[PDB]
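Structure below is run39.csv: CSV, N, CA and C atoms.
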```
chain,number,residue,atom,x,y,z
A,56,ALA,N,66.5,55.8,52.6
A,56,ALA,CA,66.8,54.4,52.4
A,56,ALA,C,66.0,53.9,51.1
A,57,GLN,N,64.8,54.3,51.0
A,57,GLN,CA,64.0,53.9,49.9
A,57,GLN,C,64.6,54.4,48.6
A,58,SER,N,65.1,55.7,48.6
A,58,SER,CA,65.7,56.3,47.5
A,58,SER,C,66.9,55.5,47.0
A,59,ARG,N,67.8,55.1,48.0
A,59,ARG,CA,69.0,54.4,47.7
A,59,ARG,C,68.6,53.0,47.1
A,60,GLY,N,67.5,52.4,47.7
A,60,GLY,CA,67.1,51.1,47.1
A,60,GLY,C,66.6,51.3,45.7
A,61,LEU,N,65.9,52.4,45.4
A,61,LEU,CA,65.4,52.6,44.1
A,61,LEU,C,66.6,52.8,43.1
A,62,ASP,N,67.7,53.5,43.6
A,62,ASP,CA,68.9,53.6,42.8
A,62,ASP,C,69.4,52.2,42.5
A,63,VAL,N,69.5,51.3,43.5
A,63,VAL,CA,70.0,50.0,43.2
A,63,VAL,C,69.1,49.3,42.2
A,64,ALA,N,67.8,49.4,42.4
A,64,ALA,CA,66.9,48.7,41.5
A,64,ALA,C,67.0,49.2,40.1
A,65,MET,N,67.1,50.5,39.9
A,65,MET,CA,67.3,51.0,38.6
A,65,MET,C,68.6,50.5,37.9
A,66,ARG,N,69.7,50.5,38.7
A,66,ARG,CA,70.9,50.0,38.2
A,66,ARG,C,70.8,48.5,37.7
A,67,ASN,N,70.1,47.7,38.6
A,67,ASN,CA,70.0,46.3,38.3
A,67,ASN,C,69.1,46.1,37.0
A,68,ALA,N,68.0,46.9,37.0
A,68,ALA,CA,67.1,46.8,35.8
A,68,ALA,C,67.8,47.1,34.5
A,69,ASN,N,68.7,48.2,34.6
A,69,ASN,CA,69.5,48.6,33.4
A,69,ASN,C,70.4,47.5,33.0
A,70,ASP,N,71.1,46.8,34.0
A,70,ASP,CA,72.0,45.7,33.7
A,70,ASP,C,71.2,44.6,33.0
A,71,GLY,N,70.0,44.3,33.5
A,71,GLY,CA,69.2,43.3,32.9
A,71,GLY,C,68.8,43.7,31.5
A,72,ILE,N,68.5,44.9,31.2
A,72,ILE,CA,68.2,45.4,29.9
A,72,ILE,C,69.4,45.2,29.0
A,73,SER,N,70.6,45.5,29.4
A,73,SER,CA,71.8,45.3,28.6
A,73,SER,C,72.0,43.8,28.3
A,74,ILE,N,71.8,42.9,29.3
A,74,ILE,CA,72.0,41.5,29.0
A,74,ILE,C,71.0,41.0,28.1
A,75,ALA,N,69.7,41.4,28.2
A,75,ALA,CA,68.7,41.1,27.3
A,75,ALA,C,69.0,41.5,25.9
A,76,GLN,N,69.5,42.7,25.7
A,76,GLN,CA,69.8,43.2,24.4
A,76,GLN,C,70.9,42.4,23.8
A,77,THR,N,72.0,42.1,24.5
A,77,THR,CA,73.0,41.3,24.0
A,77,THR,C,72.5,39.9,23.5
A,78,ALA,N,71.7,39.2,24.4
A,78,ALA,CA,71.2,37.9,24.0
A,78,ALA,C,70.3,38.1,22.8
A,79,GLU,N,69.5,39.2,22.7
A,79,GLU,CA,68.6,39.4,21.5
A,79,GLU,C,69.4,39.5,20.3
A,80,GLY,N,70.6,40.3,20.3
A,80,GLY,CA,71.4,40.4,19.1
A,80,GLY,C,72.0,39.0,18.7
A,81,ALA,N,72.5,38.2,19.6
A,81,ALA,CA,73.0,36.9,19.3
A,81,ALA,C,71.9,36.1,18.7
A,82,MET,N,70.7,36.1,19.3
A,82,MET,CA,69.6,35.3,18.7
A,82,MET,C,69.2,35.8,17.3
A,83,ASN,N,69.3,37.1,17.1
A,83,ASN,CA,69.0,37.6,15.8
A,83,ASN,C,70.0,37.0,14.7
A,84,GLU,N,71.3,37.0,15.1
A,84,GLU,CA,72.2,36.4,14.2
A,84,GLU,C,71.9,34.9,14.0
A,85,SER,N,71.6,34.2,15.1
A,85,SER,CA,71.3,32.8,14.9
A,85,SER,C,70.1,32.5,14.0
A,86,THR,N,69.0,33.4,14.1
A,86,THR,CA,67.9,33.2,13.2
A,86,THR,C,68.2,33.5,11.8
A,87,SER,N,69.1,34.5,11.6
A,87,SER,CA,69.5,34.8,10.2
A,87,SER,C,70.3,33.6,9.6
A,88,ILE,N,71.1,33.0,10.5
A,88,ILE,CA,71.9,31.8,10.0
A,88,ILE,C,70.9,30.7,9.7
A,89,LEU,N,69.8,30.5,10.5
A,89,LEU,CA,68.8,29.5,10.3
A,89,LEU,C,68.1,29.7,9.0
A,90,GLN,N,67.8,31.0,8.7
A,90,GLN,CA,67.1,31.3,7.4
A,90,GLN,C,68.0,30.9,6.2
A,91,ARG,N,69.3,31.2,6.3
A,91,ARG,CA,70.2,30.9,5.2
A,91,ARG,C,70.3,29.3,5.1
A,92,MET,N,70.3,28.6,6.2
A,92,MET,CA,70.3,27.2,6.2
A,92,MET,C,69.1,26.6,5.6
A,93,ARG,N,67.9,27.2,5.9
A,93,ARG,CA,66.7,26.8,5.2
A,93,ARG,C,66.7,27.0,3.7
A,94,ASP,N,67.3,28.1,3.3
A,94,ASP,CA,67.4,28.4,1.9
A,94,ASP,C,68.3,27.3,1.2
A,95,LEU,N,69.4,27.0,1.9
A,95,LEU,CA,70.3,25.9,1.3
A,95,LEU,C,69.5,24.6,1.3
A,96,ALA,N,68.8,24.2,2.3
A,96,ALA,CA,68.1,22.9,2.3
A,96,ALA,C,67.1,22.9,1.2
A,97,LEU,N,66.3,24.0,1.0
A,97,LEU,CA,65.4,24.1,-0.1
A,97,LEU,C,66.0,23.9,-1.4
A,98,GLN,N,67.2,24.6,-1.6
A,98,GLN,CA,67.9,24.5,-2.9
A,98,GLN,C,68.4,23.1,-3.2
A,99,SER,N,68.8,22.4,-2.1
A,99,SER,CA,69.4,21.0,-2.4
A,99,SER,C,68.3,20.0,-2.8
A,100,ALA,N,67.0,20.3,-2.4
A,100,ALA,CA,65.9,19.4,-2.8
A,100,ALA,C,65.7,19.3,-4.3
A,101,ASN,N,66.2,20.3,-5.0
A,101,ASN,CA,66.1,20.3,-6.5
A,101,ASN,C,66.6,19.0,-7.1
A,102,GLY,N,65.9,18.5,-8.0
A,102,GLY,CA,66.2,17.2,-8.7
A,102,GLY,C,67.2,17.3,-9.8
A,103,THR,N,68.0,18.4,-9.9
A,103,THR,CA,68.9,18.5,-11.0
A,103,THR,C,70.4,18.6,-10.5
A,104,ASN,N,70.6,18.1,-9.3
A,104,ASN,CA,71.9,18.3,-8.6
A,104,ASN,C,72.8,17.1,-8.6
A,105,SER,N,72.5,16.1,-9.3
A,105,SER,CA,73.4,14.9,-9.4
A,105,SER,C,74.0,14.5,-8.0
A,106,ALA,N,75.3,14.6,-7.8
A,106,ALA,CA,75.9,14.3,-6.5
A,106,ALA,C,76.8,15.4,-6.0
A,107,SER,N,77.6,15.9,-6.9
A,107,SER,CA,78.7,16.8,-6.4
A,107,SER,C,78.2,18.1,-5.8
A,108,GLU,N,77.3,18.8,-6.5
A,108,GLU,CA,76.8,20.0,-6.0
A,108,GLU,C,76.0,19.8,-4.7
A,109,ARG,N,75.4,18.6,-4.6
A,109,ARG,CA,74.8,18.3,-3.3
A,109,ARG,C,75.9,18.2,-2.2
B,110,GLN,N,71.2,-3.0,-49.2
B,110,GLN,CA,72.3,-3.0,-48.3
B,110,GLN,C,72.8,-1.6,-48.0
B,111,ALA,N,72.9,-0.7,-49.0
B,111,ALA,CA,73.3,0.7,-48.8
B,111,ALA,C,72.3,1.4,-47.8
B,112,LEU,N,71.0,1.2,-48.1
B,112,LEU,CA,70.0,1.8,-47.2
B,112,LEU,C,70.1,1.2,-45.8
B,113,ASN,N,70.4,-0.1,-45.7
B,113,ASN,CA,70.6,-0.6,-44.3
B,113,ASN,C,71.8,-0.1,-43.6
B,114,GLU,N,72.9,0.2,-44.4
B,114,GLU,CA,74.0,0.8,-43.8
B,114,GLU,C,73.7,2.2,-43.3
B,115,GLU,N,73.0,3.0,-44.1
B,115,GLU,CA,72.7,4.3,-43.6
B,115,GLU,C,71.8,4.2,-42.4
B,116,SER,N,70.8,3.3,-42.4
B,116,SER,CA,69.9,3.1,-41.2
B,116,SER,C,70.7,2.8,-40.0
B,117,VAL,N,71.7,1.9,-40.1
B,117,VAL,CA,72.6,1.5,-39.0
B,117,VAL,C,73.3,2.7,-38.5
B,118,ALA,N,73.9,3.5,-39.4
B,118,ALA,CA,74.5,4.7,-38.9
B,118,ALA,C,73.6,5.6,-38.1
B,119,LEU,N,72.4,5.8,-38.7
B,119,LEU,CA,71.4,6.6,-37.9
B,119,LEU,C,71.0,6.0,-36.6
B,120,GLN,N,71.0,4.7,-36.5
B,120,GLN,CA,70.7,4.0,-35.3
B,120,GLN,C,71.8,4.2,-34.2
B,121,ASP,N,73.0,4.1,-34.6
B,121,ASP,CA,74.1,4.4,-33.7
B,121,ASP,C,74.1,5.9,-33.3
B,122,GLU,N,73.6,6.7,-34.2
B,122,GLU,CA,73.4,8.1,-33.8
B,122,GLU,C,72.3,8.3,-32.8
B,123,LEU,N,71.2,7.5,-32.9
B,123,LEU,CA,70.2,7.5,-31.9
B,123,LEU,C,70.8,7.1,-30.6
B,124,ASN,N,71.5,6.0,-30.6
B,124,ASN,CA,72.2,5.6,-29.3
B,124,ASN,C,73.1,6.6,-28.7
B,125,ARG,N,73.9,7.3,-29.6
B,125,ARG,CA,74.8,8.3,-29.1
B,125,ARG,C,74.0,9.5,-28.4
B,126,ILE,N,72.9,9.9,-29.1
B,126,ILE,CA,72.0,10.9,-28.5
B,126,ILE,C,71.5,10.5,-27.2
B,127,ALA,N,71.0,9.2,-27.1
B,127,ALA,CA,70.4,8.8,-25.9
B,127,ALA,C,71.4,8.8,-24.7
B,128,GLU,N,72.7,8.5,-25.1
B,128,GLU,CA,73.7,8.3,-24.1
B,128,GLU,C,74.5,9.6,-23.8
B,129,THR,N,74.3,10.7,-24.6
B,129,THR,CA,75.2,11.8,-24.6
B,129,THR,C,74.6,13.1,-24.0
B,130,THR,N,73.3,13.4,-24.3
B,130,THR,CA,72.7,14.6,-23.8
B,130,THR,C,72.8,14.6,-22.2
B,131,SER,N,73.3,15.7,-21.7
B,131,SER,CA,73.6,15.8,-20.3
B,131,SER,C,73.4,17.3,-19.9
B,132,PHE,N,72.8,17.5,-18.7
B,132,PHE,CA,72.6,18.8,-18.2
B,132,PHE,C,73.7,19.0,-17.1
B,133,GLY,N,74.9,19.4,-17.6
B,133,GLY,CA,76.0,19.5,-16.7
B,133,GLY,C,76.5,18.3,-16.0
B,134,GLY,N,76.5,17.2,-16.7
B,134,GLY,CA,77.0,15.9,-16.2
B,134,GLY,C,75.9,15.0,-15.8
B,135,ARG,N,74.6,15.4,-15.7
B,135,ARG,CA,73.5,14.6,-15.3
B,135,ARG,C,72.8,14.1,-16.6
B,136,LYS,N,73.0,12.8,-16.9
B,136,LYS,CA,72.3,12.2,-18.1
B,136,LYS,C,70.8,12.3,-18.0
B,137,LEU,N,70.2,12.6,-19.1
B,137,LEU,CA,68.7,12.8,-19.1
B,137,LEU,C,68.0,11.6,-19.8
B,138,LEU,N,68.4,11.3,-21.1
B,138,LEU,CA,67.7,10.3,-21.9
B,138,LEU,C,68.3,9.0,-21.8
B,139,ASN,N,69.4,8.8,-21.0
B,139,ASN,CA,70.0,7.5,-20.9
B,139,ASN,C,69.0,6.5,-20.2
B,140,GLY,N,68.3,7.0,-19.2
B,140,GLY,CA,67.4,6.2,-18.4
B,140,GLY,C,67.8,6.2,-16.9
B,141,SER,N,68.9,6.8,-16.5
B,141,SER,CA,69.3,6.9,-15.1
B,141,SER,C,68.5,7.9,-14.4
B,142,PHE,N,68.0,8.9,-15.2
B,142,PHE,CA,67.2,10.0,-14.5
B,142,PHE,C,66.0,9.4,-13.8
B,143,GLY,N,65.3,8.5,-14.5
B,143,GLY,CA,64.1,7.9,-13.9
B,143,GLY,C,63.0,8.9,-13.4
B,144,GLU,N,62.9,9.1,-12.1
B,144,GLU,CA,62.0,10.1,-11.6
B,144,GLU,C,62.8,11.0,-10.6
B,145,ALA,N,62.4,12.3,-10.6
B,145,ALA,CA,63.1,13.2,-9.8
B,145,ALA,C,62.0,14.1,-9.1
B,146,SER,N,62.3,14.7,-8.0
B,146,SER,CA,61.4,15.6,-7.3
B,146,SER,C,61.9,17.1,-7.4
B,147,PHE,N,61.0,18.0,-7.8
B,147,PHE,CA,61.4,19.4,-7.9
B,147,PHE,C,60.6,20.2,-6.9
B,148,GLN,N,61.4,20.8,-6.0
B,148,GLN,CA,60.8,21.6,-4.9
B,148,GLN,C,60.5,23.0,-5.4
B,149,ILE,N,59.2,23.2,-5.6
B,149,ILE,CA,58.7,24.4,-6.3
B,149,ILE,C,57.8,25.3,-5.5
B,150,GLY,N,57.8,25.1,-4.2
B,150,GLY,CA,57.0,25.9,-3.3
B,150,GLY,C,57.7,26.1,-2.0
B,151,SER,N,57.4,27.2,-1.3
B,151,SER,CA,58.0,27.6,0.0
B,151,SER,C,57.6,26.5,1.0
B,152,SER,N,58.5,26.3,1.9
B,152,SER,CA,58.4,25.2,2.9
B,152,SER,C,58.4,23.8,2.2
B,153,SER,N,58.4,22.8,3.0
B,153,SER,CA,58.5,21.4,2.5
B,153,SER,C,57.2,20.8,2.0
B,154,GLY,N,57.3,19.9,1.1
B,154,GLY,CA,56.1,19.2,0.6
B,154,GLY,C,55.6,19.7,-0.8
B,155,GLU,N,55.7,21.0,-1.0
B,155,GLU,CA,55.2,21.6,-2.2
B,155,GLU,C,56.2,21.4,-3.4
B,156,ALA,N,56.2,20.2,-3.9
B,156,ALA,CA,57.1,19.8,-5.0
B,156,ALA,C,56.3,18.9,-6.0
B,157,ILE,N,56.9,18.7,-7.2
B,157,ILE,CA,56.3,17.9,-8.2
B,157,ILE,C,57.3,16.8,-8.6
B,158,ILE,N,56.8,15.9,-9.5
B,158,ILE,CA,57.6,14.8,-9.9
B,158,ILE,C,57.8,14.9,-11.4
B,159,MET,N,59.1,14.8,-11.9
B,159,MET,CA,59.4,14.8,-13.3
B,159,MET,C,60.0,13.4,-13.6
B,160,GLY,N,59.4,12.8,-14.6
B,160,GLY,CA,59.8,11.5,-15.0
B,160,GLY,C,60.3,11.4,-16.4
B,161,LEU,N,61.6,11.1,-16.6
B,161,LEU,CA,62.2,11.0,-17.9
B,161,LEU,C,62.5,9.5,-18.2
B,162,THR,N,62.0,9.0,-19.4
B,162,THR,CA,62.2,7.6,-19.8
B,162,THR,C,63.2,7.6,-20.9
B,163,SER,N,64.1,6.5,-20.9
B,163,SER,CA,65.2,6.4,-21.8
B,163,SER,C,64.6,6.4,-23.3
```
Mind converting the file's structure to structure tokens?
Amino acid sequence: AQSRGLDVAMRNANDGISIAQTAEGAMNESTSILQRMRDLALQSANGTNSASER
Amino acid sequence: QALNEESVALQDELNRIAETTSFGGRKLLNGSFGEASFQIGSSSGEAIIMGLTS
């Protein structure tokens, strides 16, 4: 019975690993997007941009 | 009178220069530039002030 319980626990831990990995990938994409947005915000602060390029 | 006429021509030339020099549509020596902020460092705050007088 303990062996079967360990099988169940290993399966559940593996499922949790997969969910964690998927969320980690999505968060990685989100942080890359945030870095690009930071670059854009820094670029706009330049005082040579009149109005249109802003 | 001839010298005055040439001086008047040069004066209108000075006005044209003041009103014409533009960095891609952004007038510089007209007087609208005033003061601008140049973001020259990583993160916010690290910037300088450029002041152009007509």
### Query
Do you have the CA of residue 107 in chain A-CA of residue 142 in chain B distance handy?
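Those two atoms sit 15.6 Å apart.
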### Message
Within 6 Å of chain B, which residues belong to chain A? Use all atoms listed in the file and report them as a list in words.
### Response
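Applying the cut-off to the listed atoms yields residues 100, 101, 102 and 105 of chain A.
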### Task
Enter the distance from CA of residue 121 in chain B to CA of residue 162 in chain B, in Å, rounded to one decimal.
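These atoms are spaced 18.6 Å apart.
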### Task
Assign secondary structure with DSSP using the backbone only, and return the residues of chain B in strand (DSSP E or B) as a PyMOL selection string.
chain B and resi 131+136+143-148+156-161
### Task
Mind the document's chain letters and residue numbers, and return as a PyMOL selection string the residues of chain B that DSSP labels helix (DSSP H, G or I).
chain B and resi 111-129
### Query
To one decimal place, how far is CA of residue 163 in chain B from CA of residue 129 in chain B in Å?
11.7 Å
